[PDB]
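Quick setup: one chain, the form deposited in one PDB entry, written in structure tokens, and binding and motion questions come after.
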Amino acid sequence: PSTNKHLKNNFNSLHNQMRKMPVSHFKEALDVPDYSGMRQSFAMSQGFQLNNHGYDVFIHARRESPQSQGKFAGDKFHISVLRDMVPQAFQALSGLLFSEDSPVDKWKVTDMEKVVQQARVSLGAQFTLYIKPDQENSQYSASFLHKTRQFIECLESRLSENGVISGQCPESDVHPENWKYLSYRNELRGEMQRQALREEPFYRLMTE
């Protein structure tokens, strides 16, 4: 009994219901900080609590959305861009990342200054997007999965429309041919571990 079991058992059902749903739209937000402002935040932007603590290399963003009642199943995404274009990528994505319609309640961005201070290799994953089922019982609803897939793809093209240079996907992640910045990983689960992810029902529902 688990989130992944419900997925395996409704695998085709979720896939068919999802492809039949109309494009979902996200009202992007404008009253948002730009990267430099984020580097220097404790503050709050449209529901998301912003935190930068030093024992980290990230600036965290978390919204206490009282709807996502499910429990974390380890599903998350990364966004990889050339280290130098983090500020350009962040600005481009800010409208969505802070959107009231975004399905992602918790995410983080690499803080370039702390990346230098802590001599951290920044070739990829400057952004991390956390995801968990919407249903109190921890099962992903087809409507939620669809919105999440639409969201991720909205991220993808917003980045390429802005000519953002692709980064290097973390070796512990997987991604389709059509994902130039986005990659997937499930932390609750070598290139053996990568094919494991590739057959993950959640990942396949975001890809095929």
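Think of the rigid core as the biggest set of C-alphas that the two forms share within 1.5 Å after superposition. Residues carry their position along the shown sequence, with the first being 1. Shifts are known only where both forms have a C-alpha.
Counting the unmodelled positions of the deposited sequence between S41 and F42 gives a small gap of 1 to 3 residues.
In terms of unmodelled positions of the deposited sequence, the chain runs continuously from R194 to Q195 in this entry. For the two regions 68-76 and 119-127, the entry's Cα B-factors average higher over 119-127. In this crystal structure, the stretch out of 26-34 and 47-55 whose C-alpha atoms carry the higher mean B factor is 47-55. For the set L145, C154, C169, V164, the PDB entry puts the maximum C-alpha B factor at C169. Per the deposited record, the Cα B-factor of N178 falls in the highest third when ranked against the other modelled residues of its chain.
Per-chain ranking of the deposited C-alpha B factor places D111 in the middle third. Per the PDB record, residue ranking by Cα B-factor puts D105 in the lowest third of the chain.
Another form exists, deposited in another entry; not displayed. Remarks below refer to it.
The residue among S157, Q67, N178, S36 whose Cα moves by 2 angstroms or more between the shown form and the other one, once the core is superposed, is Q67. Comparing the forms between the shown form and the other one, the C-alpha position of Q118 differs by 2 angstroms or more, with the core used for superposition. Annotation for the pair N52/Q117: C-alpha atoms recede from each other in the other entry, by 3 Å or more compared with this form. Compared with the form shown here, the C-alpha atoms of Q117 and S172 sit at least 3 Å closer together in the other entry. After superposition on the rigid core, residues whose Cα atoms move by 2 Å or more in runs of at least three fall at 64-67, 116-121 between the shown form and the other one.
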